[PDB]
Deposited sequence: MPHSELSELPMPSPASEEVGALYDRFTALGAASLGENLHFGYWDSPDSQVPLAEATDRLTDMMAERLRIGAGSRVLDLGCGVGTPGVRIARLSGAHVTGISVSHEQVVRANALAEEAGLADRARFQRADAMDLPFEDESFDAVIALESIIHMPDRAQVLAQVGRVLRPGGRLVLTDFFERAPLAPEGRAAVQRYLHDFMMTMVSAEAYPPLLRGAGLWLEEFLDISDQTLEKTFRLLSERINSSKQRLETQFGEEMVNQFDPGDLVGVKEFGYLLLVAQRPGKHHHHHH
């Protein structure tokens, strides 16, 4: 249960934490703002290729193709969004609440020669400025974590999703009650980057509230968390801006990262 507390992260305030960070060193030009995925804890694929692997894993669950309309909910500096449009030929509308993020993602699309296939826009998933049933698929890649109310966001997704459309997302969750030594570092994370964390059984009724049926819940904690936290702390400490420590999380084994797929009943074109 959610014993270790939660910040209540704010939309146009998470866009300040990251108008600061997706800029000046946490993210400049072509970076995935999410964990890597590795086939075995001993695989030594570089981080960049494992980040795109998580993207690709999730894009395949969208079940899209050229001419598909994808909504990119929380788009970072745009690396997964323009990747999906380039590899699949689908059309991508991404939204961010940070201005720097919109600017950088639109630059990435343009550098790719795709400024019209991938378009990025200032908008808030709490209140989606898109008409009903305008999207074939929605991807929220490491982004619902930063959002204030999962219930509202999920209802917005379910309104703009066409029937038969699919939502695929990642999220933090509690695999089992947390060790006490670990909860210090799990709230230092959740609080210093304005994140919350749900219970696994929270999602079925959340999703049902928004018109979606859970299709897939997949714990990918053992393929994502540790190796990324290692590779990042080895970066930060081999470089002589604050004291965010990944390692304190390495091994707090009850901390969990989940891939989820929900579907809006009906069927598509």
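Colleague: Comparing the deposited sequence with the modelled residues, which stretches have no C-alpha coordinates?
Modeller: No C-alpha for residues 1 to 5, 246 to 256, 286 to 289.
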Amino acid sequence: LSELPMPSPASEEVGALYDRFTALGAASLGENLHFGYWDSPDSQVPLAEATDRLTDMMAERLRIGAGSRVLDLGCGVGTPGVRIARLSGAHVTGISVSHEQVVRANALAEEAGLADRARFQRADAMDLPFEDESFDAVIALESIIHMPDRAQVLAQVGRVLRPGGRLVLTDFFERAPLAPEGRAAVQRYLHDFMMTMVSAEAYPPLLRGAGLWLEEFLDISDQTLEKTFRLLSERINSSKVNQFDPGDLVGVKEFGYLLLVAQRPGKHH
From here on, numbers count along this sequence of modelled residues.
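Colleague: Regarding 136 to 144 and 195 to 203, which shows the higher C-alpha temperature factor on average in the entry?
Modeller: Averaged over C-alpha atoms, the B-factors run higher in 195 to 203.
Colleague: Mean Cα B factor from the PDB record: higher for 183 to 191, or higher for 160 to 168?
Modeller: Between 183 to 191 and 160 to 168, it is 183 to 191.
Colleague: Take the CA temperature factors straight from the PDB entry and tell me which of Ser238, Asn32, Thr228, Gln223 peaks.
Modeller: Answer for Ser238, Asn32, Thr228, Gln223: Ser238, with the highest C-alpha B-factor.
Colleague: Which third of the chain holds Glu216 when residues are ordered by C-alpha B factor: lowest, middle or highest?
Modeller: Lowest third of the chain for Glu216's C-alpha B-factor.
Colleague: By the record's CA B-factor, is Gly78 among the lowest, middle or highest third of residues in the chain?
Modeller: According to the entry, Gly78 has a C-alpha B-factor in the chain's middle third.
Colleague: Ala26: which third of its chain by C-alpha temperature factor?
Modeller: Highest third.
Colleague: Using only modelled residues of the chain, where does the Cα B factor of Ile95 rank: lowest third, middle third or highest third?
Modeller: Within its chain, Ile95 is a lowest-third residue by C-alpha B-factor, going by the deposited values.
Colleague: Compared with the other modelled residues in the chain, in which third is the CA B-factor of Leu178?
Modeller: Highest third, going by the recorded CA B-factors of the chain.
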